[PDB]
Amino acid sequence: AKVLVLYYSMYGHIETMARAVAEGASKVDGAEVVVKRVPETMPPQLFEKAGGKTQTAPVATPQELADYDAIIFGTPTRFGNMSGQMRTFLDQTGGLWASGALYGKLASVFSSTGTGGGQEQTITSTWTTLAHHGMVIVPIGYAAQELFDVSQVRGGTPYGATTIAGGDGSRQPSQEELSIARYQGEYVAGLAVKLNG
């Protein structure tokens, strides 16, 4: 089964998450895992002057999403929605839509926020778009036991893994957060191989 982790990250928090998802997915015997990022939409100079992080994952084309059995989408929040970059990219999947190219493919979503607010809404509102493509939607529920832990500030929801970046972007994904992310990749890769070999 082929698994794409398709993400947008400006400052690396979703990048770090995407890597953990990919690691989880790679634990599954029979899973081919690929990590790509969606195109930047900001002018390059503005991206750099805002301190955007350069990334080594290659940029995806809309067209190549058809090659996968499971796509795990990562996006930071922009006010409770997916980022403009992820939105812009999904807006170019109209050809895939008309041909039913993503229909019945597995989809799962992970997110990042500055201070937590909007992390559920970002995921569930991404699910909407996935549903229009007829993708099978995979939440993670409460299998990841870190989800019960209210002793420390922690991303992660039954809807998909999340990370809390701090208001100033200074926080890094915590071990509990990355554990949920790895769980998500492995669970979805498992389902992918179950259905597609």
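The term rigid core refers to the most C-alpha atoms you can superpose between the two forms while keeping them within 1.5 Å. Position 1 is the first residue in the sequence shown; the rest follow in order.
Superposing the other copies on the rigid core and comparing 63-71 to 156-164, farther C-alpha placement in 8 other deposited structures of this protein marks 156-164. Choosing between 127-135 and 52-60, the greater Cα displacement from the shown form in 8 other deposited structures of this protein, fitted by the core, goes with 52-60. Of the other compared PDB entries of this protein that include residues on both sides, all give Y142 atoms, none of them, and so not a third, leaving it without. Compared against other deposited entries of this protein, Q172 counts as consistently modelled, with coordinates in all of those that resolve the residues around it and thus below the third mark. When the C-alpha B-factors of 126-134 and 60-68 are averaged, 60-68 comes out higher. Per the PDB record, of the two stretches 162-170 and 37-45, 162-170 carries the greater mean B-factor over its C-alpha atoms. The PDB entry assigns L96 a C-alpha temperature factor belonging to the middle third of its chain's modelled residues. The entry lists a Cα temperature factor for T77 that places it in the middle third of the chain's modelled residues. Ranked against the other modelled residues of its chain, the C-alpha B-factor of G51 as given in the entry falls in the middle third.
Among the modelled residues of the chain, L195 sits in the highest third by CA temperature factor in this PDB entry.
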